[PDB]
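S.K.: My structure is below; once you've seen it, I'll send some questions.
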Amino acid sequence: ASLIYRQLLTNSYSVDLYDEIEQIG
Amino acid sequence: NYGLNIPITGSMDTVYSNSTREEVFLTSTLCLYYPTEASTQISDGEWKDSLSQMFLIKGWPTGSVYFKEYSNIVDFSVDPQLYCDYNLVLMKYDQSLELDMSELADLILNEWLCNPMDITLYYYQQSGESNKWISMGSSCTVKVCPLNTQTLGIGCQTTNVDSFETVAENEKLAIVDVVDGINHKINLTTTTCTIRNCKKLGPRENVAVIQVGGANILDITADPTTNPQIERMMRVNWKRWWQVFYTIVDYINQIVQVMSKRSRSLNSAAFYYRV
Amino acid sequence: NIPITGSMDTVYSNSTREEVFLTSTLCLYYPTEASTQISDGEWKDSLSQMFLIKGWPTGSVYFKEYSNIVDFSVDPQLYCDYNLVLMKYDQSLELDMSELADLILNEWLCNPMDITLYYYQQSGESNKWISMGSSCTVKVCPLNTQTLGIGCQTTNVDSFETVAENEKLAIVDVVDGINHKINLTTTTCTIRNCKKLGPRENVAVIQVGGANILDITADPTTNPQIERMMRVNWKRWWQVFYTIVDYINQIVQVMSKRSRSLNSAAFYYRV
Amino acid sequence: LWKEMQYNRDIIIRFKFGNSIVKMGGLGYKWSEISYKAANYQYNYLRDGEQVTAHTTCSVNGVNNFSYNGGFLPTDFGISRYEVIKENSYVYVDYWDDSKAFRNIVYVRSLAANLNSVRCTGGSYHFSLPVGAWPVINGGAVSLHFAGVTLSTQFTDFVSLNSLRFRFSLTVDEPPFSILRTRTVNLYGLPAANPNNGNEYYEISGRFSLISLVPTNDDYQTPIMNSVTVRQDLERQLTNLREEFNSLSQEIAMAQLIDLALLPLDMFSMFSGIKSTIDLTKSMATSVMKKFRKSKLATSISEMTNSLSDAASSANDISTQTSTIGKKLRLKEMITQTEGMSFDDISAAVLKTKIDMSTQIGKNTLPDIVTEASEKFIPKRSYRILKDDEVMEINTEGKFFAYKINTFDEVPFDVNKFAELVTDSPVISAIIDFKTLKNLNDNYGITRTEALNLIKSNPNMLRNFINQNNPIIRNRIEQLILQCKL
Amino acid sequence: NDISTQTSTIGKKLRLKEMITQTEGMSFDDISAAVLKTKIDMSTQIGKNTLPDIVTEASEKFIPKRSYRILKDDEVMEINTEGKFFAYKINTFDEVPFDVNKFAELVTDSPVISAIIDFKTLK
Amino acid sequence: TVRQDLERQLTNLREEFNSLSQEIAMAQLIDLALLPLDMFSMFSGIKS
Amino acid sequence: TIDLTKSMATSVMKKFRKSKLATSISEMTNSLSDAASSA
Ligand SMILES: *[C@@H]1O[C@H](CO)[C@@H](O[C@@H]2O[C@H](CO)[C@@H](O[C@@H]3O[C@H](CO)[C@@H](O)[C@H](O)[C@@H]3O)[C@H](O)[C@H]2NC(C)=O)[C@H](O)[C@H]1NC(C)=O
Ligand SMILES: *[C@@H]1O[C@H](CO)[C@@H](O)[C@H](O)[C@H]1NC(C)=O
Ligand SMILES: *[C@@H]1O[C@H](CO)[C@@H](O)[C@H](O)[C@H]1NC(C)=O
Ligand SMILES: *[C@@H]1O[C@H](CO)[C@@H](O)[C@H](O)[C@H]1NC(C)=O
Ligand SMILES: [Ca+2]
Ligand SMILES: [Ca+2]
Ligand SMILES: [Ca+2]
Ligand SMILES: [Ca+2]
Ligand SMILES: [Ca+2]
Ligand SMILES: [Ca+2]
Ligand SMILES: [Ca+2]
Ligand SMILES: [Ca+2]
């Protein structure tokens with residue numbers, strides 16, 4: 002069940018391109 | 052917090068005894084609800100005092116017997132406030148008032164829990180078989196419009212009041228049952244008549260409806276399959292109101308032995324308004 | 056289906072012909088020309104009395120006249136428990152006759168189609184679109200994934216490729232897996248998406264005319280002569296009816312009881 | 260508490276393109292810009308037996324800029340930058356109507372449409388030449404094919420109309436756009452000159468579905484005309500939903516929580532199945548990650564790794610060292626996969642059991658909850674390292690023990706000998722800490738096998754003791770659940 | 605058969621668990637993915653809407669029937685999605701009486717071994 | 488514009504995969520299974 | 536982290552896919568796939 006926190010931290014890089022969506026839009 | 056979960060253990064041998072006491076009033080109160088026609092036919096006005104005197108010998112102290120006059124069944128059905136403890140309601144049977152008498156009986160003989168219905172702003176539903184809607188006022192023209200899953204009125208256009216279905220028109224009181232599980236849009240004349248979502252709790256056993264006239268027609272249960280005869284659905288045979296009142300006074304011990312004082316409420320309203 | 060275990064040495068039961076005749080009903084659908092050539096009208100009573108000799112109780116036989124094959128094809132309700140369809144053949148009615156035979160002999164499971172909005176595919180080899188009405192003229196147009204029609208313009212209906220015109224009944228198969236847009240005269244003709252389940256045990260089609268031309272299965276390869284596609288030559292409708300009456304044991308033997316948990320209520324002439 | 264309501268309707272969408280022109284000077288031969296512009300339109304139509312009034316707004320994107328310029332001479336024909344739409348360009352048609360459905364369009368669970376394509380063809384534009392042969396723009400066509408519905412809003416003069424936006428794709432069509440009487444023939448595409456061809460309106464027809472989330476605090480009484488718009492909605496207070504989440508632990512169970520905690524929970528497994536709106540089901544996961552990154556715990560992970568990297572080239606006394614390495618052990622627990630029961634398992638289990646029984650009501654608020662619980666849940670925890678059957682246990686509050694495995698009696702601790710092994714030997718979360726374990730061994734005398742298993746935090750033995758209804762383990766795990774209070 | 609029905613339900617759940625988690629065995633889903641990759645690579649007809657809606661099918665229908673194991677203290681308890689269920693010693697393969705209650709207890713916590721090579725084959 | 492192509496579907500292509508299975512060996516499917524296929528690796532070699 | 540720095544991770548992955556190492560890994564995997572396809 003703790004796997005999700007590791008998944009959040011590991012996959013957190015995509016927030017960069019998500020905020021890129023937000024600011025370019 | 053009267054501990055309504057821990058079991059109570061009786062015994063099957065010992066003993067038939069007395070009821071000890073209860074101290075909230077000096078004693079119970081009997082309470083007649085008669086139509087104006089009784090007064091007009093009696094042609095009197097010391098008769099309430101005479102009836103109190105004749106109750107005293109039956110064994111009711113003087114202050115315990117109260118009398119309430121009402122115009123007729125339909126004008127009384129609106130907000131029937133039972134201000135009292137042992138209620139009898141003498142209902143003169145009249146053809147074409149069968150469903151009105153059934154409405155009033157279903158209202159008072161049973162214990163209701165009513166919520167408001169803001170018709171202008173919400174759709175409405177019915178949770179189950181025990182849930183009616185009760186509309187009361189001067190004129191209740193309850194036009195419904197059922198809606199399918201897609202919120203398109205079936206058999207009606209929600210924006211055109213004309214297409215609606217009039218479940219009950221121009222009634223002082225109307226108990227309406229629509230199909231349970233389908234949203235409805237309601238329309239009734241909010242200036243005069245209000246309407247409430249009323250669920251049915253158990254029975255209210257302070258009240259005895261005495262049908263004064265014809266056959267046994269009071270169908271308290273909206274279910275067509277069931278038609279029980281309750282011990283409080285009284286029926287008597289009349290030609291004269293003096294005879295009716297004399298029978299009531301003479302047999303009043305049985306009249307109160309069939310009822311029970313326990314099921315009473317602070318307010319006199321015929322339903323618990325749960326907002 | 057739950058398993059059913061049975062031996063191979065149990066003795067054969069008795070003949071069930073009397074029981075089925077007493078419990079069931081037979082119903083004949085014939086063209087109006089049959090009555091016209093008979094030039095009578097006590098003939099239903101006569102044939103009922105004739106069936107009674109072989110052992111069909113008096114009310115068990117129902118004669119349901121239909122105008123002709125193509126006009127009967129629209130919404131065929133078989134109000135009975137054993138159905139016989141006498142079916143006269145003339146050239147150029149081959150396909151519509153075969154369509155009706157396929158429709159009734161094969162069981163179907165149908166759902167509505169909304170031509171106005173959705174693009175419809177075909178599930179597979181057992182799926183067809185059946186259109187019924189006073190006049191069906193389906194016009195189909197296949198599409199890409201980008202909704203650009205091939206051999207047709209999705210907006211203009213003239214370019215569409217007609218597959219049936221002015222037909223009371225049309226069972227159209229199209230290439231499976233390609234979205235199509237349809238144009239069919241929604242006021243007149245109703246079209247439904249159907250799957251061909253197993254066979255219908257209840258109905259037998261007695262072709263009265265020519266060669267063994269019926270092809271129930273749209274597949275070009277298989278043309279299997281199923282037993283319920285009976286055929287007989289004719290010159291006199293009286294001879295045809297006498298033949299059917301005399302051999303009615305064989306016909307109902309070829310047929311059998313219908314085994315399907317339906318979902319569409321309709322009138323039946325049961326006992 | 261939030262009820263689905265389907266509102267699917269068949270609609271007819273009427274719209275027209277908008278054309279803007281700007282003249283260039285001289286005697287009136289040139290032109291500066293011919294471009295598409297946002298265009299409004301009103302209409303009424305009969306559907307379902309009532310006349311519904313509709314308001315549409317068409318706009319264009321992705322537009323090409325062709326050109327043509329006859330030269331610098333003061334009378335030669337040309338258009339400096341005249342546009343067209345072709346494969347790339349899209350057209351949006353915001354749609355609104357007075358019907359009941361569009362009042363309930365604030366919160367939506369799903370929304371999608373099926374519209375029939377249409378063919379738009381260009382008109383005839385006679386460029387205003389003062390004298391001579393009349394140039395003639397003509398031809399050009401595209402086809403609108405529907406692709407996707409979204410939410411949108413018309414910034415109409417009187418109010419802002421929440422509305423549906425239909426994004427139609429394009430498809431260039433047969434009639435080759437030309438500038439006749441001029442040097443441009445056999446183009447293809449719809450130019451901005453006269454996109455409407457004089458038609459009163461271009462028309463689409465289709466059916467759109469919608470699943471709104473009108474609120475409900477009671478089964479019988481569902482509303483119409485959703486009017487809790489984001490003017491009528493406001494930030495739920497931080498302390499308020501903190502108190503709500505703390506209250507939610509009234510109900511959590513004992514063994515079922517451990518059963519859930521023994522799953523692998525991933526992005527899909529957790530964040531799916533949340534009764535949320537479309538605008539939040541789109542990016543809930545990324546929203547959670549964005550605020551998870553900046554949490555104190557996450558920046559502590561970053562500081563740990565960066566400090567170690569910088570060290571790689573830089574070259605109650607005991608309580609403080611034990612506490613610091615306890616925080617470090619917590620960081621290591623979060624980053625790595627431990628083979629024990631791993632407190633963060635229980636934290637995530639509580640988190641899932643809390644959030645599943647809530648609802649998204651126009652604000653995500655899983656950010657500030659998931660990320661906040663990740664750092665606040667189980668504030669004081671404990672770890673242990675077994676070696677030579679002398680397990681050394683440590684508390685994040687600074688306490689320390691060292692006790693044998695065969696029999697649970699403690700030993701003098703060895704600082705700097707625990708620290709050498711805590712770096713490499715696998716750390717074991719101490720969900721059955723030393724105190725509760727000693728109680729258990731004293732009262733319910735246990736064996737070597739289950740002693741080792743409970744030391745290792747083996748799920749099998751933990752659940753065996755829970756399903757024995759052991760009071761010691763039951764109470765211990767209940768307190769574990771109870772510190773999860775944000 | 606109550607035992608067979610219960611074990612069938614547990615087998616479905618175990619298939620879901622195999623998909624979810626990271627097992628150190630051969631993990632039938634592994635073979636399914638390998639076969640999918642080989643078929644995809646060799647096949648030369650793959651449109652835009654083929655790898656979508658075929659990777660799903662390769663997840664669904666590949667190896668519909670499979671079995672799992674729980675190892676425990678010199679014994680093994682094996683289950684099958686069809687309904688079969690065995691239990692046998694690990695050193696010498698001779699089956700021993702089964703305990704469905706113990707298996708249901710242990711399946712939620714202990715790790716599951718995808719029985720690629722099932723007891724029918726071990727014997 | 489373009490009629491880019493039509494594209495085979497599950498219904499048309501499942502029989503092709505049925506007829507494609509029998510060429511599959513087994514001594515090296517094990518090796519392919521053992522190699523961990525990530526999002527990159529599985530779709531790296533699609534039709535080149 | 537000067538001023539709204541781009542996605543470091545995805546920027547580096549933009550051409551860590553095309554490295555000699557990554558191409559070799561994909562090559563080996565597809566070689567095994569072809570070996571599976573043809574015995
Ligand atoms: C499938 O294709 C046929 C082929 O035309 C379609 O026929 C068209 O039907 C519509 C209405 O169903 C006709 O519209 C008419 O428009 C005039 C104005 O021009 C109006 O006055 C009428 O009241 C009516 O609305 C249309 O004219 C007619 N086509 C032709 C060439 O006349 C058919 O509708 C299509 N099927 C479906 C389901 O769309
Ligand atoms: C119960 O009531 C009766 C009434 O007749 C009375 O006579 C009797 O005394 C009462 N019981 C006792 C125990 O006094
Ligand atoms: C009820 O109907 C009347 C006319 O049919 C209409 O004027 C009135 O507005 C309706 N009531 C409500 C609450 O809409
Ligand atoms: C079946 O047929 C045989 C021979 O005619 C007869 O003896 C027997 O009674 C029949 N069975 C029944 C159930 O009628
Ligand atoms: Ca009434
Ligand atoms: Ca109506
Ligand atoms: Ca009801
Ligand atoms: Ca009744
Ligand atoms: Ca054509
Ligand atoms: Ca036909
Ligand atoms: Ca077909
Ligand atoms: Ca054939």
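Residue numbers (the entry's author numbering), protein chains in the order written: chain P, 2 to 26; chain S, 52 to 326; chain X, 56 to 326; chain U, 260 to 574, 605 to 775; chain E, 605 to 727; chain B, 488 to 535; chain L, 536 to 574.
Positions of the beta carbon are idealized from the N, C-alpha and C atoms, including for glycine.
(1) Whose CB is closer than 6 Å to a heavy atom of ligand 8? List the residues in chain order.
(2) Name the DSSP bridge partner or partners of residue 603 of chain U?
(3) List, in order along the chain, the chain U residues whose C-beta lies closer than 7 Å to that of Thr488 of chain B?
(4) Taking Cβ-Cβ distances shorter than 8 Å, what residues in chain P pair up with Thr536 of chain L?
(5) In three-state terms, what does DSSP make of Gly204 of chain X?
(6) Thinking just about the alpha-carbon of each residue, which of X:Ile205, X:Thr210 and X:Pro197 is nearest to the one in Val229 of chain X?
(7) Take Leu224 of chain X as the anchor and find which of X:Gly232, X:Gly188 and X:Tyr324 has the nearest alpha-carbon.
(8) Looking at the unbroken beta strand (DSSP E) that takes in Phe405 of chain U, where does it start and where does it end?
(9) How many angstroms separate the CA atom of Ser15 of chain P from the CA atom of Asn199 of chain X?
(10) Looking only at its chain, what residues have a beta carbon closer than 8 Å to the beta carbon of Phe551 of chain L, apart from the 5 residues adjacent to it on each side?
(11) May I ask you to report which of helix, strand or coil DSSP gives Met152 of chain S?
(12) Taking the continuous beta strand (DSSP E) assigned at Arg7 of chain P, which residues delimit it?
(13) Can you check whether the C-beta of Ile25 of chain P is within less than 7 Å of a C-beta belonging to chain U?
(14) Is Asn499 of chain B close to chain X, meaning its C-beta is less than 7 Å from at least one C-beta of that chain?
(15) Thinking C-alpha only, which one of S:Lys236, S:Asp151, S:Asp213 and S:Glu149 is nearest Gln176 of chain S?
(16) For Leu77 of chain X, does the three-state DSSP call read helix, strand or coil?
(17) Which term fits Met513 of chain B, buried or exposed, when burial requires 16 or more other beta carbons within 10 angstroms of its beta carbon?
(18) For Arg752 of chain U, return the contacting residues in chain E, with the cut-off set at a CB-CB distance below 8 Å.
(19) Please list the partners that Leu18 of chain P has in chain L, where partner means a Cβ-to-Cβ separation under 7 Å.
(20) For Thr242 of chain S, is the beta carbon positioned less than 6 Å from some heavy atom of ligand 3?
(21) Between the stretch 365-385 of chain U and chain X, which residues of the former have a C-beta closer than 9 Å to a C-beta of the latter?
(22) Kindly list, in the order they appear in chain S, the residues whose Cβ is closer than 8 Å to that of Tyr266 of chain U.
(23) Scan the stretch 616-638 of chain E for residues whose Cβ lies nearer than 9 Å to a Cβ of chain U and list them as they occur along the chain.
(24) Would a check of beta-carbon distances place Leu556 of chain L closer than 7 Å to chain B?
(25) Taking 7 Å as the CB-CB limit, is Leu521 of chain U close to chain E?
(26) One question on the structure: do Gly629 of chain U and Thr685 of chain U come within less than 7 Å of each other, judged by their Cβ atoms?
(27) Any beta carbon from chain C within less than 7 Å of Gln496 of chain B's own beta carbon?
(28) What separation, rounded to the nearest whole angstrom, lies between the Cα atoms of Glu502 of chain U and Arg763 of chain U?
(29) Decide yes or no for the touch test of the stretch 147-165 of chain S against the stretch 244-259 of chain S: beta carbon pairs closer than 8 Å, at least 3 of them.
(30) Do you know offhand how far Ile226 of chain S's Cα is from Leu141 of chain S's?
(31) By the DSSP assignment, the alpha helix (DSSP H) with residue 31 of chain S in it spans what residues?
(32) Identify which residue in S:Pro112, S:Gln280 and S:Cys191 has its Cα closest to the Cα of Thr272 of chain S.
(33) Would you list the one or two residues that DSSP bridges to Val319 of chain U?
(34) Within the chosen definition, does the stretch 493-511 of chain U reach the stretch 382-394 of chain U through at least 3 CB pairs nearer than 8 Å?
(35) For chain P, is any of its Cβ atoms less than 7 Å away from the one on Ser411 of chain U?
M.R.: With the structure as the only source:
(1) S:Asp270, S:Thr272, S:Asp274, S:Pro275, S:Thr277 and S:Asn278
(2) Residue numbering in chain U jumps from 574 to 605; residue 603 of chain U, which lies between, is not modelled.
(3) Position 1 of the sixth sequence, counted from the first residue, corresponds to residue 488 of chain B. Those are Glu346, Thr430 and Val431, listed as they occur along chain U.
(4) Indexing the seventh sequence from 1 puts residue 536 of chain L at position 1. Going along chain P, no residue has its Cβ under 8 Å from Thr536 of chain L, so there is no contact; the nearest lies around 12 Å.
(5) Along the third sequence, read from residue 1 onward, the residue named residue 204 of chain X stands at position 149. Note: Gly204 of chain X maps to coil in three-state DSSP.
(6) The residue labelled residue 229 of chain X in the question sits at position 174 within the third sequence. Answer by Cα proximity: X:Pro197.
(7) Reading the third sequence from its first residue, position 169 is the one you call residue 224 of chain X. That would be X:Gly188, whose Cα lies nearest to the Cα of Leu224 of chain X.
(8) For the purposes of this step, residue 405 of chain U is taken as the residue at position 146 of the fourth sequence. Looking at the DSSP string, the run of the beta strand (DSSP E) that includes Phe405 of chain U is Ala400 to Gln413.
(9) In the first sequence, residue 15 of chain P corresponds to position 14, counting from 1. In the third sequence, residue 199 of chain X corresponds to position 144, counting from 1. Cα to Cα, the separation comes out at about 34 Å.
(10) Here residue 551 of chain L refers to the residue found at position 16 when the seventh sequence is read from its first residue. Counting only Cβ-Cβ distances below 8 Å, and skipping sequence neighbours, we find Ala557.
(11) Translated into the one-based positions of the second sequence, residue 152 of chain S becomes position 101. DSSP places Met152 of chain S in helix when its eight states are reduced to three.
(12) Mapped onto the first sequence, residue 7 of chain P falls at position 6. Per DSSP, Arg7 of chain P belongs to no beta strand (DSSP E); it is in the alpha helix (DSSP H), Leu4 to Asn12.
(13) Indexing the first sequence from 1 puts residue 25 of chain P at position 24. By this cut-off, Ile25 of chain P is not an interface position.
(14) Stepping through the sixth sequence from its first residue, residue 499 of chain B is reached at position 12. Output row for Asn499 of chain B: interface = yes.
(15) Residue mapping note: residue 176 of chain S aligns to position 125 of the second sequence, counting from 1. Among S:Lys236, S:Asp151, S:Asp213 and S:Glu149, the Cα nearest to that of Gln176 of chain S belongs to S:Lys236.
(16) By 1-based counting over the third sequence, the position of residue 77 of chain X is 22. Reduced to three states, the DSSP call for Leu77 of chain X is helix.
(17) To locate residue 513 of chain B, count along the sixth sequence from 1; it is residue 26. So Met513 of chain B ends up on the exposed side.
(18) Counting from 1 along the fourth sequence, the entry for residue 752 of chain U is found at position 463. Those are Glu709, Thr712 and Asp713, listed as they occur along chain E.
(19) Numbered from its first residue, the first sequence carries residue 18 of chain P at position 17. What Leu18 of chain P touches in chain L: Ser542 and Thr545.
(20) As a working note, residue 242 of chain S is residue 191 in the second sequence. Not under cutoff, so the answer is no.
(21) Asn373, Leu374, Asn375, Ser376, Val377 and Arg378
(22) Position 7 of the fourth sequence, counted from the start, is the residue given in the question as residue 266 of chain U. Within 8 Å Cβ-Cβ: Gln201 and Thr202.
(23) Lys621, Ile624, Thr625 and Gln626
(24) Along the seventh sequence, read from residue 1 onward, the residue named residue 556 of chain L stands at position 21. By this cut-off, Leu556 of chain L is not an interface position.
(25) The count along the fourth sequence starts at 1 and reaches residue 521 of chain U at position 262. Interface residue, yes.
(26) Walking along the fourth sequence from the start, residue 629 of chain U turns up at place 340. Walking along the fourth sequence from the start, residue 685 of chain U turns up at place 396. Going by C-beta atoms, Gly629 of chain U is not nearer than 7 Å to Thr685 of chain U.
(27) No chain C appears in the structure shown, which is made up of the protein chains P, S, X, U, E, B and L.
(28) As a working note, residue 502 of chain U is residue 243 in the fourth sequence. As a working note, residue 763 of chain U is residue 474 in the fourth sequence. About 25 Å.
(29) yes
(30) Within the second sequence, numbered from 1, the residue matching residue 226 of chain S stands at position 175. Within the second sequence, numbered from 1, the residue matching residue 141 of chain S stands at position 90. Cα to Cα, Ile226 of chain S sits roughly 21 Å from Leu141 of chain S.
(31) Look at the range of chain S in this structure, 52 to 326, and you will see that residue 31 of chain S is not part of it.
(32) Here residue 272 of chain S refers to the residue found at position 221 when the second sequence is read from its first residue. Answer by Cα proximity: S:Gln280.
(33) Position 60 of the fourth sequence, counting from 1, holds the residue named residue 319 of chain U. Answer is U:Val350.
(34) no
(35) The sequence position of residue 411 of chain U within the fourth sequence is 152, counting from 1. No, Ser411 of chain U lies away from the interface with chain P (no Cβ there is under 7 Å from its Cβ).
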